[PDB]
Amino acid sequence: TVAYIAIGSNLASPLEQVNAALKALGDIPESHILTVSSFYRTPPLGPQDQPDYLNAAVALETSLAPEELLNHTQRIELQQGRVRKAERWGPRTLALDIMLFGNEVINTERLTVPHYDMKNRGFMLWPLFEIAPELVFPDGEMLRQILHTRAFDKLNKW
């Protein structure tokens, strides 16, 4: 099954973090990376005196069950990133999100796929569109139609 995974880092110096994350994704058993999007840049949320986000999408071929893949993305998040000590409930430094898992729809305590908000997020949709322009969501909606109708601004490359 092809899983699509979003990578997002908010480190002031995110490159090695993202490259290490890609290495780790490629080390996941029963899986291999099919392709990786370009690296994109998005602005911080709220105050602008914060670091930009580095965003990318990864297509991963896997024979793991969705929850098993989640185990690995969670592990990689723990091993390669951290919480902010002042805002521990907040976002981690490295985020790996399973955007799509084949054509599967999943709604469990641990896992919701497709990612619940991805259709509203250009920073997820554009890198995905670079590596899977013909993608159709499980509900039948076309990625091309979402980007076109909703008129997202494009993202700058990292």
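Each residue number is its position in the shown sequence, starting from 1.
Comparing 91 to 99 with 53 to 61, the higher mean C-alpha B-factor in the PDB entry belongs to 91 to 99.
Stretches 39 to 47 and 113 to 121 differ in mean C-alpha B factor, with the higher average recorded for 39 to 47.
Per the deposited record, the Cα B-factor of residue 27 falls in the highest third when ranked against the other modelled residues of its chain. Per the PDB record, residue ranking by Cα B-factor puts residue 135 in the lowest third of the chain. When the modelled residues of the chain are ordered by C-alpha B-factor, residue 147 sits in the lowest third. In the deposited entry, the Cα temperature factor of residue 72 sits in the middle third of values across the chain's modelled residues. Split the chain's modelled residues into thirds by C-alpha temperature factor. Residue 17 is in the highest one.
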